[PDB]
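Below: one structure, written as structure tokens.
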Amino acid sequence: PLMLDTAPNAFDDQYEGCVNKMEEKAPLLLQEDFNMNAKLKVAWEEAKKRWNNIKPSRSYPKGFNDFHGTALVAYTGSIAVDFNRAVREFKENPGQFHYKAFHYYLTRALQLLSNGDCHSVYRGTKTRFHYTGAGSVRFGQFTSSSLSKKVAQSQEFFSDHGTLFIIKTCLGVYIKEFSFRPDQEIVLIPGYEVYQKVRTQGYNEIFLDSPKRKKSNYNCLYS
Ligand SMILES: NC(=O)c1ccc[n+]([C@@H]2O[C@@H](COP(=O)([O-])OP(=O)(O)OC[C@H]3O[C@@H](n4cnc5c(N)ncnc54)[C@H](O)[C@@H]3O)[C@@H](O)[C@H]2O)c1
């Protein structure tokens with residue numbers, strides 16, 4: 001079982017007040033990441049190709065560049081697990097965080113593609129999640145979900161040993177074209193979104209409601 005709390009140790013940078021400085025610094029940062037993170041480098045190079053193919057079929061937000069696009073395609077890829085881990089366990093040893101640039105671009109990508117829109121999404125896991133009664137909840141790491149409860153419950157993501165999250169999010173982003181699917185109706189949720197209403201039902205169902213945007217514990221850490 002894993003704990004569900006306010007994710008006090010997760011690198012949750014929202015980059016308030018440093019977007020301009022980051023867009024200028026992140027490119028160098030990305031090189032540093034690659035030098036210390038072979039897996040990321042591979043994931044990114046492949047993601048880059050894919051993005052070249054996807055980019056022409058549609059128009060993106062002003063400022064939304066190849067870094068944002070490549071970062072997002074990559075997240076829907078296999079690099080997601082390690083990245084999520086590194087973020088979730090940031091405070092546990094911030095010295096070995098080699099996703100400084102990745103984190104920023106992915107965070108920025110979602111912020112740029114975002115609107116006021118809220119969604120009813122579902123998320124399945126094969127690991128039991130226990131809410132430790134903090135009063136509110138944040139995933140900490142970025143977290144994928146699906147508009148379809150069917151997907152979330154498929155043998156792909158869920159099992160009796162796990163948990164089914166029924167989430168009401170307003171910072172989540174529908175990123176169909178970016179995914180490798182595109183049939184899982186993925187909605188990407190930033191780890192810093194806060195759910196003011198938490199409710200466990202049965203042994204493996206958790207409802208998260210009253211989403212709200214709050215300040216993060218970290219801000220412009222690498223700016
Ligand atoms: N999960 C879903 O319901 C769902 C739905 C649609 C698409 N996807 C897709 O999922 C991808 C994989 O994302 P994911 O859903 O597996 O997230 P993820 O891989 O983090 O989830 C798997 C698990 O990863 C590690 N983990 C996650 N949170 C943890 C925590 N708080 N503490 C300790 N370990 C933790 C644990 O093993 C956790 O059980 C891509 O394929 C994406 O398109 C997932």
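Here's how to read the names in the structure tokens: chain A, B, ... by the order shown, residue numbers from 1 in each chain, ligand numbers from 1 in the order shown.
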Hey, what's within 12 Å of segment 153-155 of chain A if we count only C-alpha atoms and toss same-chain stuff fewer than 6 positions away? As a list in words, please? residues 121, 122, 123, 124, 125, 126, 145, 146, 147, 161, 162, 163, 164, 165, 166, 184, 204 and 205 of chain A
Could you write those residues out with N, CA, C and O atoms, as a compact mmCIF listing (two decimals), in the first residue's frame?
# COMPACT_ATOMS: atom_id res chain seq x y z
N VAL A 121 -12.63 12.27 -14.35
CA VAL A 121 -11.72 11.25 -14.83
C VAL A 121 -11.58 10.09 -13.86
O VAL A 121 -12.03 10.14 -12.71
N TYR A 122 -10.95 9.02 -14.34
CA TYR A 122 -10.74 7.83 -13.55
C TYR A 122 -9.30 7.39 -13.69
O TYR A 122 -8.68 7.59 -14.73
N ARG A 123 -8.78 6.80 -12.63
CA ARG A 123 -7.41 6.32 -12.63
C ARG A 123 -7.34 4.97 -11.91
O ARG A 123 -7.86 4.80 -10.80
N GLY A 124 -6.72 4.00 -12.56
CA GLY A 124 -6.60 2.68 -11.97
C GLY A 124 -5.17 2.34 -11.61
O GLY A 124 -4.23 2.78 -12.29
N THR A 125 -4.99 1.59 -10.53
CA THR A 125 -3.67 1.18 -10.11
C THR A 125 -3.73 -0.26 -9.62
O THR A 125 -4.82 -0.78 -9.36
N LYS A 126 -2.58 -0.90 -9.51
CA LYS A 126 -2.52 -2.27 -9.01
C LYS A 126 -1.85 -2.27 -7.64
O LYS A 126 -1.43 -3.31 -7.12
N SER A 145 -4.77 9.77 -16.29
CA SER A 145 -6.11 9.27 -16.01
C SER A 145 -6.84 9.15 -17.34
O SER A 145 -6.26 9.41 -18.40
N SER A 146 -8.11 8.78 -17.27
CA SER A 146 -8.91 8.64 -18.48
C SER A 146 -10.36 9.07 -18.27
O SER A 146 -10.94 8.82 -17.21
N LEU A 147 -10.93 9.72 -19.28
CA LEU A 147 -12.32 10.17 -19.20
C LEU A 147 -13.21 8.94 -19.09
O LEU A 147 -14.34 9.01 -18.62
N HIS A 161 -5.92 -5.85 -6.20
CA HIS A 161 -4.92 -5.41 -5.22
C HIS A 161 -4.72 -3.90 -5.24
O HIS A 161 -4.00 -3.36 -4.39
N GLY A 162 -5.33 -3.23 -6.21
CA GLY A 162 -5.13 -1.79 -6.32
C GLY A 162 -6.25 -0.85 -5.93
O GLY A 162 -7.11 -1.18 -5.11
N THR A 163 -6.24 0.32 -6.55
CA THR A 163 -7.21 1.36 -6.27
C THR A 163 -7.78 2.02 -7.53
O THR A 163 -7.10 2.15 -8.55
N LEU A 164 -9.04 2.45 -7.44
CA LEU A 164 -9.70 3.14 -8.53
C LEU A 164 -10.02 4.54 -8.06
O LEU A 164 -10.86 4.73 -7.18
N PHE A 165 -9.35 5.54 -8.63
CA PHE A 165 -9.60 6.92 -8.26
C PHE A 165 -10.68 7.51 -9.14
O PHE A 165 -10.62 7.41 -10.36
N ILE A 166 -11.67 8.13 -8.52
CA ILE A 166 -12.72 8.81 -9.26
C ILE A 166 -12.39 10.25 -8.93
O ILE A 166 -12.59 10.71 -7.80
N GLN A 184 -7.33 5.69 -25.01
CA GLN A 184 -7.48 5.67 -23.56
C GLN A 184 -7.99 6.99 -22.97
O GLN A 184 -7.98 7.16 -21.76
N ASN A 204 -11.13 -0.40 -2.20
CA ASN A 204 -10.31 0.13 -3.27
C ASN A 204 -10.89 1.20 -4.18
O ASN A 204 -10.59 1.24 -5.38
N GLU A 205 -11.71 2.08 -3.63
CA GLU A 205 -12.24 3.18 -4.41
C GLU A 205 -11.98 4.47 -3.63
O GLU A 205 -12.14 4.52 -2.41
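Once residue 214 of chain A and its same-chain neighbours fewer than 5 positions away are set aside, residues 6, 12, 13, 14, 16, 136, 137, 138, 171, 190, 191, 192, 193, 194, 195, 196 and 219 of chain A remain within 12 Å of it when counting only C-alpha atoms.
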Would you give me, as a short mmCIF file (atom, residue, chain, number, x, y, z; two decimals) with C-alpha atoms, in the first residue's frame, the residues in segment 1-145 of chain A that DSSP reads as helix (DSSP H, G or I)?
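Output contents, as saved in selection-v7.cif:
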data_model
loop_
_atom_site.label_atom_id
_atom_site.label_comp_id
_atom_site.auth_asym_id
_atom_site.auth_seq_id
_atom_site.Cartn_x
_atom_site.Cartn_y
_atom_site.Cartn_z
CA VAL A 19 8.83 31.20 -17.17
CA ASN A 20 10.95 33.61 -19.25
CA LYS A 21 14.15 32.82 -17.40
CA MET A 22 13.47 29.09 -17.61
CA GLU A 23 12.69 29.03 -21.35
CA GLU A 24 16.14 30.51 -21.70
CA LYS A 25 17.92 28.31 -19.18
CA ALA A 26 16.10 24.96 -19.65
CA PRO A 27 17.89 24.21 -22.93
CA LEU A 28 21.24 24.09 -21.13
CA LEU A 29 19.58 22.26 -18.24
CA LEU A 30 18.31 19.64 -20.67
CA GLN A 31 21.86 18.92 -21.81
CA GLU A 32 22.93 18.45 -18.18
CA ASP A 33 19.99 16.10 -17.62
CA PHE A 34 20.96 13.93 -20.60
CA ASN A 35 24.58 13.70 -19.48
CA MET A 36 23.44 12.15 -16.20
CA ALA A 38 20.79 7.90 -20.31
CA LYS A 39 17.22 6.58 -20.21
CA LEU A 40 15.78 10.07 -20.45
CA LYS A 41 18.04 10.86 -23.39
CA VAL A 42 16.80 7.78 -25.27
CA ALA A 43 13.18 8.46 -24.42
CA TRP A 44 13.55 12.07 -25.56
CA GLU A 45 15.30 11.33 -28.86
CA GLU A 46 12.56 8.88 -29.80
CA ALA A 47 9.88 11.24 -28.53
CA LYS A 48 11.40 13.99 -30.66
CA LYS A 49 10.92 12.01 -33.87
CA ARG A 50 7.31 11.19 -33.01
CA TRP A 51 6.61 14.87 -32.27
CA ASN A 52 7.94 15.93 -35.68
CA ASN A 53 5.22 13.71 -37.15
CA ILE A 54 2.45 15.00 -34.88
CA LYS A 55 3.24 18.74 -34.96
CA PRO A 56 2.01 19.46 -38.55
CA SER A 57 -1.55 18.19 -38.06
CA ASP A 66 9.19 21.65 -29.61
CA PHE A 67 10.51 21.25 -26.07
CA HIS A 68 6.96 21.35 -24.68
CA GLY A 69 5.78 19.03 -27.43
CA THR A 70 8.64 16.57 -27.15
CA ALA A 71 8.41 16.54 -23.34
CA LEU A 72 4.69 15.72 -23.44
CA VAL A 73 4.99 12.92 -26.02
CA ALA A 74 7.79 11.51 -23.88
CA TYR A 75 5.68 11.46 -20.73
CA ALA A 80 7.04 8.32 -17.18
CA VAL A 81 7.59 5.81 -14.38
CA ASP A 82 11.15 6.78 -13.49
CA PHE A 83 10.39 10.48 -13.90
CA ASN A 84 7.36 10.24 -11.60
CA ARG A 85 9.53 8.39 -9.08
CA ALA A 86 12.29 11.03 -9.14
CA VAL A 87 9.70 13.80 -8.59
CA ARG A 88 7.83 11.99 -5.83
CA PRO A 94 17.43 16.56 -4.37
CA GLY A 95 21.06 16.19 -5.42
CA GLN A 96 20.30 13.36 -7.82
CA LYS A 100 15.36 19.59 -14.11
CA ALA A 101 14.62 20.61 -17.69
CA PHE A 102 12.13 17.80 -18.34
CA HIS A 103 10.02 18.74 -15.35
CA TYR A 104 9.84 22.38 -16.43
CA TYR A 105 8.94 21.70 -20.07
CA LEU A 106 6.28 19.13 -19.17
CA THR A 107 4.86 21.45 -16.52
CA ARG A 108 4.82 24.30 -19.03
CA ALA A 109 3.31 22.19 -21.79
CA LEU A 110 0.27 21.35 -19.64
CA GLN A 111 -0.08 24.92 -18.36
CA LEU A 112 -0.09 26.18 -21.98
CA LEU A 113 -2.61 23.60 -23.20
#
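Between atom 23 (C, counted along the ligand's line) of ligand 1 and atom CA of residue 134 of chain A the separation is 21.3 Å.
With only C-alpha atoms and all ligand atoms as the atoms that count, the minimum distance from ligand 1 to the choices A:8, A:17, A:135, A:202 is reached by A:8.
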Select from segment 22-216 of chain A everything DSSP, run on the backbone, classes as strand (DSSP E or B), then give the selection as an NGL selection string. :A and (119-124 or 129-131 or 137 or 143-146 or 164-169 or 173-174 or 186-189 or 193-201 or 205-213)
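Atom CA of residue 77 of chain A is found 27.7 Å from atom CA of residue 212 of chain A.
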